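*Asks:* Please find one structure pasted underneath; my questions will follow.
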Number of protein chains: 2
Amino acid sequence: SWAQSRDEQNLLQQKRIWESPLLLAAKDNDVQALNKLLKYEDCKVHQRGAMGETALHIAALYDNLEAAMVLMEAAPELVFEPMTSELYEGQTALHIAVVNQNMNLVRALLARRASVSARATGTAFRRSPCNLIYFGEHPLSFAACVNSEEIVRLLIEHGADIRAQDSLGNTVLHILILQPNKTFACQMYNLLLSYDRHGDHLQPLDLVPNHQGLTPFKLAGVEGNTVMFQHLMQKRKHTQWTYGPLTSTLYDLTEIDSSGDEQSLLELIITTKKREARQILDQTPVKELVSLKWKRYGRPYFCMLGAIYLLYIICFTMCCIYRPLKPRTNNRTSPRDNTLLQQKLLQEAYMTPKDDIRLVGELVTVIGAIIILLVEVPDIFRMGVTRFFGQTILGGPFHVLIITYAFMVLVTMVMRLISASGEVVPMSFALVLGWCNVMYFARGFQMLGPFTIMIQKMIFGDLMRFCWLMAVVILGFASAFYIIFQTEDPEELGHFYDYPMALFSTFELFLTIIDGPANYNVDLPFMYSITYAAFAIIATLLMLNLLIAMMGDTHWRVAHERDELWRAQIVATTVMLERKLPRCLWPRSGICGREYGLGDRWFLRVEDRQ
Amino acid sequence: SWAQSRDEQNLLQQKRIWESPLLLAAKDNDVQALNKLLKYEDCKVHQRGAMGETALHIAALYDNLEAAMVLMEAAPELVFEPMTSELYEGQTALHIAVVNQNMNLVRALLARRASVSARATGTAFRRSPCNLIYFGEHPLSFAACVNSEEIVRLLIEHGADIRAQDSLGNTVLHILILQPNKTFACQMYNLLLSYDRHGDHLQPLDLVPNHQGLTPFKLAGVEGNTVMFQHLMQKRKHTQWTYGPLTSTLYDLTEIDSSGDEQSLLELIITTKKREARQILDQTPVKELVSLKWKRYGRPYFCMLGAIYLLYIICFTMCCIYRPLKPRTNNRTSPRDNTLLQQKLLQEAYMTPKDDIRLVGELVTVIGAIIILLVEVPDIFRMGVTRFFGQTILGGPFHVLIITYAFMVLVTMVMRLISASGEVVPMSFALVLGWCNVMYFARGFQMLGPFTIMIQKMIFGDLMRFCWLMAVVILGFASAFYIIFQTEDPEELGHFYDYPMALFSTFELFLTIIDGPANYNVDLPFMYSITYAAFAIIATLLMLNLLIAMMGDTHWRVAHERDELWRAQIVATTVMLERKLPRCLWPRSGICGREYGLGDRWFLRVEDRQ
Ligand SMILES: CCCCCCCC/C=C/CCCCCCCC(=O)O[C@@H](COC(=O)CCCCCCCCCCCCCCC)COP(=O)([O-])OCC[N+](C)(C)C
Ligand SMILES: CCCCCCCC/C=C/CCCCCCCC(=O)O[C@@H](COC(=O)CCCCCCCCCCCCCCC)COP(=O)([O-])OCC[N+](C)(C)C
Ligand SMILES: CCCCCCCC/C=C/CCCCCCCC(=O)O[C@@H](COC(=O)CCCCCCCCCCCCCCC)COP(=O)([O-])OCC[N+](C)(C)C
Ligand SMILES: CCCCCCCC/C=C/CCCCCCCC(=O)O[C@@H](COC(=O)CCCCCCCCCCCCCCC)COP(=O)([O-])OCC[N+](C)(C)C
Ligand SMILES: CCCCCCCC/C=C\CCCCCCCC(=O)O[C@@H](COC(=O)CCCCCCCCCCCCCCC)COP(=O)([O-])OCC[N+](C)(C)C
Ligand SMILES: CCCCCCCC/C=C\CCCCCCCC(=O)O[C@@H](COC(=O)CCCCCCCCCCCCCCC)COP(=O)([O-])OCC[N+](C)(C)C
Ligand SMILES: CCCCCCCC/C=C\CCCCCCCC(=O)O[C@@H](COC(=O)CCCCCCCCCCCCCCC)COP(=O)([O-])OCC[N+](C)(C)C
Ligand SMILES: CCCCCCCC/C=C\CCCCCCCC(=O)O[C@@H](COC(=O)CCCCCCCCCCCCCCC)COP(=O)([O-])OCC[N+](C)(C)C
Ligand SMILES: CC(C)CCC[C@@H](C)[C@H]1CC[C@H]2[C@@H]3CC=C4C[C@@H](OC(=O)CCC(=O)O)CC[C@]4(C)[C@H]3CC[C@]12C
Ligand SMILES: CC(C)CCC[C@@H](C)[C@H]1CC[C@H]2[C@@H]3CC=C4C[C@@H](OC(=O)CCC(=O)O)CC[C@]4(C)[C@H]3CC[C@]12C
Ligand SMILES: CC(C)CCC[C@@H](C)[C@H]1CC[C@H]2[C@@H]3CC=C4C[C@@H](OC(=O)CCC(=O)O)CC[C@]4(C)[C@H]3CC[C@]12C
Ligand SMILES: CC(C)CCC[C@@H](C)[C@H]1CC[C@H]2[C@@H]3CC=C4C[C@@H](OC(=O)CCC(=O)O)CC[C@]4(C)[C@H]3CC[C@]12C
Ligand SMILES: CC(C)CCC[C@@H](C)[C@H]1CC[C@H]2[C@@H]3CC=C4C[C@@H](OC(=O)CCC(=O)O)CC[C@]4(C)[C@H]3CC[C@]12C
Ligand SMILES: CC(C)CCC[C@@H](C)[C@H]1CC[C@H]2[C@@H]3CC=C4C[C@@H](OC(=O)CCC(=O)O)CC[C@]4(C)[C@H]3CC[C@]12C
C-alpha cells in the first residue's frame, strides 16, 4: 500500500516533465530551448512538479550542467528552494549535486550562496527498510556517504557544520558506520576527525551520543560493524614495550566494561536482535575480557548456584515421593476403575514425626520458590510489562521455565492449604520443569554447553515447523482407524475404543513406540490391513525419517559453530550474574590506573607474539 | 593469580620510567637531556627500576642506540649489571640487544667486554605455558632463536660457548627444535654444527643429552617436529647405488630401534602426551621398520596369543555354565519370589566324575588368572604406583579390563573356598569382561583394528559428555511417572511400582527397547497421556537422535584417519610384545654390520624408485 503510492508518484513525475517545455528542456541538455523559453514574458519559472520540484532540481538530477547554469543566471532565487512534497521534504539541488558528485555544479551553487545546512527531512531519507539509502539530512552527511573527499573539503570551507545531528541524533560519524561499504567508510571517518579539533564545544565528535545514547564506538558493536570496530580500537590501545617478537599492549576498557548504571558494550550485544553483533566477541580486547571474568569470578559463582539448585531439586523430589496418601474411602464405580489410593486431608497429613521431617523439606521448597519469584518477577516491572520483557523471553527461555516451576510449587502449596484434589497435575509439571532446568547449568562446561542450543533449534525450528504435517496425517489415519474398529469388540483390540484414544494410539504408532495392533485369534476388519500398510509406509518409514534427517542437519550446523555459541552463552551468563549479585563479591575487571599515573580508567593488558 | 601479579609489575615499570628523568630520557631518543643529567653531581646512576633494571637496560629495550652510547661513556660499569628482580633474573642488556637484533649496539657492548656467558634464569625465560617465548638462558641461545646469522657468528668470535646448557640441560641444538618456525631452525642448526668440530670434549654436540636423556634426534620425535626429523636423517642414511630410476639407501637404526635398556624412539612416541608425535610413524625409516617387525615376528606371536586366549575364555565359559546348583532347601517367602535353585556347598560341589572334569577346567581358569597378574601387576611397582602407571591407563584401557577380569576370577575362587552366597555377581562381570577382551585381538587385522577406537571415542567422548543431560530428563520424567501411578493398582500397569523400577523403566522407554505402557482395559490416569506424549517427543525423537547424530560424526572422523590409527596400534603392540617376551625368540631387526665392514650398529635397507 505504501510502495504502490510512491510508484504512482514516480510515474506522475515523468508525466509533468513531459508536459512542461521548461521541465523537458532541463531534462535534456537543451540550452537552445532554455534561451528561448526564458526570454519570454514571465515564463512560469516557479511552477511545481509532481515532487514539489523546480526546473533547477531536474537539471541537477539528470547531470545537466549547461541547463542548470542557464537557469541560475535567469533565475538566481531557485537555489534557495526546497522540494515541498511529503516524500522529499527539504531537499534542495545542493543536496542533489552532492549525491550525483557533479563537482562543477556544487561550486556553481555555493558561488550563489547555497545553504550548506538545509535539512532533507523527507521520508525517502529516513532510516527505514523501505529506503535503500540512509545518507542523513545534511549535504556534509551526503558527501561523506558517497566517498567524495573533494566535496567534504569543499563544503567545510563554505561553512558545513560537522557536529550537526539529524532527527535520530546521529552525527556524520554515526552515519558512516551504517554504510554498506565498510573499507571506504574508514578513510572518511579519519578525514572528519581531522577537522574536529576547534576548541571543543562539548565532549568530542566521536564521543557525542544520539537519542539512543550510543556513541560511534558503541554503535559499531550494536550494528555488528566489525571493520569499523577494529579501526576505533587504535585510539583506545597503547603499546607498552616490544621485546623482539613480543608486544605488550594496554587496552582501554572504558566503554566496553560495565562502568556505571548505563548499559555496557557487552550488554548491548546480547540484547540486540541483529545477530551479526556477536562477531565483536571474537575481537581481541573483548575476547580476553570475557575469559577473564569467567575463569576468575564467573565459573566459581556459577558452579555454586548449580550445586545449590541440585540439592533443592533433590529435596523437592523426595517431598513429592513421600507425599500424603491413604487408601480410598469410597468404593469402585466401574470395572475400568483402577485407583487404589487417595490424598490425605490437611489435618490428617501431618500426624507423625516422619511427616514433620517432610514438612521441613516442604518449607525449603516453598521458601525457595518465593526467592525465585523475588529475583525474576521484579524484572518485568522495571522493563516493559509485555513487549520489552518479551525480548528477554526469546533470548532466555530458561527464565520462563523457572518462573513456571516456581508457579507450580505455589499452586500445589495453595492446593495443600485448602484441601483440593488433584495435586498430581501441578506436581508432575513441577518435577519435569524442576529437573530439566539443571540443563541450564551445562553452559559452565564448554563440551556440554551448546547441547541445549541443539535441543532448542530442533524444537522451535524443526518440530514446530513439521508437526503441522504430522498432525494432518495423524488426524487422517486415526479417523480412519476409529471407524474401522467402531463396529468391533474392544476387549480384543482396544487401541481405538474411543476417539481420544485413537489419536494417542496413532501418535504412538507414528513414532513406533508401541507395537502395531494384532490379535491373530479373531478376524480383523478388512480395511485395517490396507490402511495400516498405507500408514506404516508414509508415517513410520517416510515422514518419521524426514524429521530425523532434518534434526541431523540442525545438529551439524550447531556443532560447526560450537565455540562461538558457547562463548555467547558465557557473556549472557556473566552479565546476568553481575546485575543480581552485590558489588562487594564481584570485583571490577582489569587494573585501575590511579596509582600508575594513567588516570581514573580501568585498563587490561594483553601480551602476544608476532 | 600469577597473570594478575605480572600485569601489576609491567604497569609499575611504566610508572618508574615516567618519574625518573634519567629513565625517561633513555626511553625517548633524548641525548640532549642525557648530556645535562650526566653532567650533574653523582646523578643517581645505579638506581633500580620496578624490574630491577638500569637506565642502560631501557635504552636497549626501546632500540635507543644514541641514548645507550651516552650512558656507556659516562658510566662504563653498567654493562656488567643484571636485572635483580624475580621475573627477569640475570638478564643483561647484552641479552636485550640480541633479541631486538640491534647490530650496532651488540658490537658496542662487546667492545666494552660484555659477558657472553650470563645466565638469564628468570621466570620469563623458563619453558612454561605462561611464557610465549623459550629462548634459553644464553645470548648464543637468544641469537639462534631469532634467526640472526650475523650475531651468532659475532658472539662465537668473542667467546660464546656452544656447548653450554640451561637449567633443563638443553644445548642450543635442543632449543632450536622447540621453536615455532621450523624451516628457519634448520638453517641455524647447520650453522651451529659448522663450529662444533674443535677436538671433541665429549660425544659431539648433536649427541649430548639433557636432564631427560633426550638427544636432539630423539627430542624432534617426542615433540612431533617432523621438519627437523627429516633434516637429521640425512646424517643417518647412506646411498649404496643408483641404477637408473632406482636407489638403494641404507638407514641407521641406532637411536630409533631398541638398542639396550634405554627407551627407544618408538617407545617415546607411544608414551608421550603430545599427539603430534605420531606423524613420525609416517616418515620413511620408521615406517618400514614397523612393518618389518609386525609381518615377521609381531603378527605370528600376536595370533598365537589371541588363539590361546579364545580357548581360555571358552574353557571359562563352560565352567560358569556347568556351575554347582541344587534345588532350594527353604520355602518361598512372597508371591514375588521367583527363585528355584541355589548353590551347592563346597563339600557337595565335587561329588561326581563330571565335577572332576569341571575341576580341571576351574584350575585352568585360576592358574590363567594368576599368570595375568604376574605379567601385569609388577608393572605398577616398577613404574609410579599411582600417577606414572595412570599414564598407561589412559593409553591402554585393555590393561584395566584384563586386570579386572583376573580380579573377578579370584574373587569367586575365594567365594567358592569359603561357602559364600552370590557367586553370580563376580561371574557376570567376568563373563562380559572376559569376552569383550577378545576385541583387543582385533588390531591384528587392519580392517577390524580401529573399530575399537570408534567404540572408545563414542563412550568417553559422546556418551560421557551427553549422559548428564539424559539423566536430567530421566530423573524428571521418572519422578513424574512415579507419582502419577502412585495411587493406582500395579497389577495392571506395573512399570513404575517403586522408585528404582520407575528409573529403569524410563531409561528403557528413552532408548525404545520396551514398549510404551498401555492397558486399554482400565482408565489410565489423565496426566499419563500428557506426560508420556511430552516424554516421547523430547526423549525418543529428539534427544535419542541427538546422540545417534553425535556418534555418527565420531565414526566419520575415525574412519577418515583409518590407516594411521591402526599403524599406531601396531607400534604399541610390538613395543609391548618385546618387553615381555624373552630375547631368544625375538631377533633384533635389521642387518648387523660387523662382517660387512660397517661397524657395530644395525642397518636397514630401503630400495625405492624415483
Ligand atoms: C551430582 C551430585 C550427587 C547428588 C547426591 C545428593 C544425595 C542424593 C540422595 C539423597 C537421599 C536418597 C535416599 C534417602 C531415602 C530415605 C529418606 C527418608 O528417610 O524419608 C523419611 C521422610 O523424609 C522425607 O520426607 C524427605 C523430605 C526432604 C528431605 C530434606 C529434609 C530437610 C533438609 C534441608 C536442606 C535440604 C537441601 C537444601 C537445599 C539448598 C521417611 O521415609 P522412610 O520411612 O524412612 O522410608 C524408607 C523406605 N525404605 C525402607 C524402602 C527405604
Ligand atoms: C500441532 C497440534 C495439532 C494437534 C492434532 C491432534 C489434536 C489433538 C487434540 C486433543 C484434545 C483432546 C481434548 C479432549 C477430547 C474430548 C473431545 C473429543 O475430541 O472427542 C469427541 C469426539 O468429537 C470429535 O470428533 C472432535 C474431533 C473433530 C475433528 C478434529 C478437529 C481437530 C482440530 C484440527 C486442527 C488442525 C491442525 C492441523 C491443520 C493445520 C468425543 O469423543 P468420543 O468419546 O469418542 O465420542 C464419540 C461419540 N460416539 C460414540 C457417538 C461416536
Ligand atoms: C573361532 C574358533 C572357533 C572356536 C571353537 C572351539 C570349540 C567351541 C565349542 C566347544 C565345546 C562346546 C560343546 C561341549 C558341550 C559338552 C561339554 C560337557 O560334556 O560337559 C561336561 C562337564 O564339562 C565341563 O564342565 C566343562 C568344563 C571346561 C571344559 C575344559 C576341560 C579341561 C580342558 C583343558 C584345556 C582347555 C583349553 C586350555 C586354554 C589354554 C558334563 O556335561 P554333560 O552332562 O555332558 O551335559 C550335556 C547336556 N546336553 C546333553 C544337552 C548337551
Ligand atoms: C550419569 C549418572 C546419573 C544417574 C541418574 C539416575 C540415577 C540412578 C541411580 C540408581 C541407584 C539406585 C540404588 C538403590 C535405590 C534405592 C533407594 C532409592 O533411591 O529409592 C528410594 C526413594 O528415595 C529417593 O527418592 C532417592 C531419589 C532422590 C532424588 C534423586 C537424586 C539422585 C542424584 C542426582 C544426581 C544428578 C546427576 C545429573 C545432574 C548433573 C526408595 O524407593 P521406594 O522403594 O520407592 O520408597 C518409596 C517410599 N514410599 C513408598 C513411601 C513412597
Ligand atoms: C544437564 C546438567 C549437567 C551439568 C551439571 C549441572 C549440575 C551441577 C552444576 C554445577 C556443578 C557443581 C559441582 C562442581 C563439579 C564440576 C566442577 C569442575 O570440575 O570444574 C572446574 C573446577 O572448578 C574450578 O576450577 C573453578 C571453580 C571453583 C570450584 C567450584 C566452586 C563450588 C564447587 C561446589 C561447592 C558448592 C557450594 C555450595 C554447597 C552446596 C574444572 O575446570 P573446567 O575448566 O571448568 O573443566 C571443564 C570445563 N571445560 C570444558 C571448559 C574445560
Ligand atoms: C508448564 C509446561 C509448559 C510451559 C513451560 C514453558 C514452555 C515454553 C518454553 C519456552 C518459551 C520461551 C520462548 C520460546 C523459546 C525459543 C523461541 C525462539 O527463539 O524463536 C523461535 C521462533 O519463535 C517461536 O517459535 C516462539 C515459541 C512459540 C511456541 C511456544 C510453545 C512451545 C512449548 C514447548 C513445547 C514443545 C513440545 C516438545 C515436547 C513437550 C525460533 O527458534 P530459535 O531457537 O531462535 O532458532 C531455531 C530456528 N532455526 C532452526 C531455523 C535456526
Ligand atoms: C573381536 C574379535 C575379532 C578378532 C579375532 C580375535 C580372536 C582370535 C585372535 C587371533 C586369530 C587366531 C586364528 C588365526 C586366524 C587368522 C589368521 C590369518 O588369516 O592372518 C594371516 C595368516 O597368518 C600369517 O600370514 C602370518 C601369521 C602366521 C599364522 C598365525 C600363527 C598361529 C595361528 C593359530 C595357531 C595358534 C597357536 C596356539 C594353539 C592354540 C593372513 O594375512 P593378513 O595380512 O594378516 O590378512 C588380513 C589382515 N590385513 C587386513 C592386514 C590384510
Ligand atoms: C567391573 C566392570 C567395570 C570396570 C571395568 C573397566 C571400566 C573402565 C574401562 C577403562 C578405563 C581406563 C581409562 C578410560 C579409557 C579412556 C579414557 C581417555 O582416553 O580419556 C578420555 C577422558 O578421560 C576420561 O573420561 C576418564 C574415564 C572416566 C570414566 C571412567 C568410568 C567409565 C566406565 C565405562 C562404562 C561406560 C558405560 C558403557 C556401558 C556400561 C577421553 O576419551 P578418548 O578416547 O581419549 O577420546 C574421545 C574424545 N573425543 C571424542 C573428543 C575425541
Ligand atoms: C530455600 C533455600 C534453602 C533454597 C535456595 C533456592 C535456590 C536453589 C534458588 C533461589 C534463587 C534461584 C536463582 C534465581 C535466578 C536465576 C537466574 C536464572 O537465569 C536464567 O534462567 C537465564 C535464562 C537464559 O539465559 O536462558 C538461572 C537460575 C538462577 C540462578 C536461580 C538458581 C536457583 C536459585 C539460586
Ligand atoms: C508434565 C509435562 C506435560 C510437562 C511438559 C514439559 C515440557 C513442556 C518441557 C520439559 C522439557 C523442556 C525443554 C527442556 C530444555 C530446553 C532447552 C532450552 O534451550 C535453550 O534455551 C537454549 C538457549 C541457550 O542456552 O543459549 C529451551 C527450552 C527447552 C526446549 C525446554 C522447553 C519446555 C520443555 C519441552
Ligand atoms: C513399500 C515397501 C515398504 C514394501 C512394498 C511391499 C508392499 C507394498 C506390500 C508387501 C505386503 C503387502 C500386503 C500383504 C497383505 C495384505 C492384506 C490384504 O488384506 C487382507 O487380506 C485383510 C485381512 C482380512 O480381511 O481379514 C490387502 C493387501 C495387503 C495389505 C498387502 C498390501 C501390499 C503390501 C503392503
Ligand atoms: C592356565 C593356562 C592354560 C591359560 C593361559 C592363559 C592365557 C590365555 C593368558 C596368560 C597371560 C595373558 C596375557 C597377559 C598380558 C597381556 C597384555 C595385554 O595388553 C593389553 O591389554 C594392552 C592394552 C592396550 O594397549 O589397550 C593383552 C593380553 C595379554 C597378551 C594376555 C593374553 C592372555 C594370556 C596369554
Ligand atoms: C555385568 C556388567 C554390569 C558389566 C559391565 C561391562 C562394561 C563395564 C564393559 C563391557 C564392555 C566394555 C567396553 C568394551 C570395549 C571397549 C573399547 C576399548 O577401546 C580402546 O581401548 C581403544 C584404544 C585402542 O585400541 O587404540 C576401550 C574400553 C571399552 C570401551 C570397554 C569399556 C568397559 C565396558 C563397557
Ligand atoms: C510433535 C509431533 C511428534 C506430533 C505433533 C502432534 C502432537 C502434538 C499431538 C498428536 C496427538 C496428540 C494427543 C492426542 C490425545 C491426547 C490425550 C489427552 O488426554 C487424555 O484424554 C487422557 C486420558 C484420560 O484421562 O483417561 C490430552 C492431549 C493428548 C495427549 C494429545 C496431545 C497432543 C498430541 C500428542
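Heads up, chain B uses Swiss-Prot numbers, so what you see runs 68-677.
Structure determined by electron microscopy, 2.8 Å.
Just so you know, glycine gets a Cβ as well, placed from its N, Cα and C.
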*Asks:* Would Swiss-Prot put B:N586 and B:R403 on one side of the membrane?
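*Replies:* The record shows them together on one side of the membrane, with a shared topological domain name.
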*Asks:* Of B:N248, B:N398, which one does Swiss-Prot label N-linked glycosylation site?
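*Replies:* B:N398, according to Swiss-Prot.
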*Asks:* Could you check which of B:183-187, B:493-497, B:638-642 is flagged in Swiss-Prot as region 'Interaction with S100A10'?
*Replies:* B:638-642
*Asks:* Is the transmembrane segment (B:464-483) packed against any residues at least 6 beyond its ends, judged by a Cβ distance under 8 Å, and which are they?
*Replies:* 383, 413, 416, 432-433, 436-437, 439-440, 443-444, 489-490, 493-494, 496-497, 500-501, 503-504, 507, 523
*Asks:* Taking helix as H, G and I and strand as E and B in DSSP, count the residues of the repeat 'ANK 4' (B:202-231) in helix, strand and coil.
*Replies:* 16 helix, 0 strand, 14 coil
*Asks:* List the same-chain residues at least 6 positions away in sequence whose Cβ sits under 8 Å from the Cβ of B:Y201 (phosphotyrosine), in sequence order, or say none.
*Replies:* B:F192, B:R193, B:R194, B:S195, B:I242, B:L245
*Asks:* Excluding the flanking five residues on each side, which residues at least 6 beyond the ends of the transmembrane segment (B:368-388) place their CB within less than 8 Å of a CB in that stretch?
*Replies:* 425, 428-429, 431-432, 435, 476, 494, 497-498, 501-502, 504-505, 508, 511, 640, 644, 648, 652
*Asks:* May I have the DSSP-based helix, strand and coil counts for the residues of the motif 'Selectivity filter' (B:581-585)?
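*Replies:* Counting residues per DSSP class in the motif 'Selectivity filter' (B:581-585), I get 0 helix, 0 strand, 5 coil.
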*Asks:* Quick test of the contact rule: Cβ under 8 Å, at least six residues beyond the ends. What residues does that give for the transmembrane segment (B:597-617)?
*Replies:* 529-530, 533, 536-537, 540, 544, 547-548, 551, 573, 576-579, 583-584
*Asks:* Could you give me the DSSP helix, strand and coil counts for the repeat 'ANK 3' (B:156-185)?
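*Replies:* Its residues fall into 16 helix, 0 strand, 14 coil.
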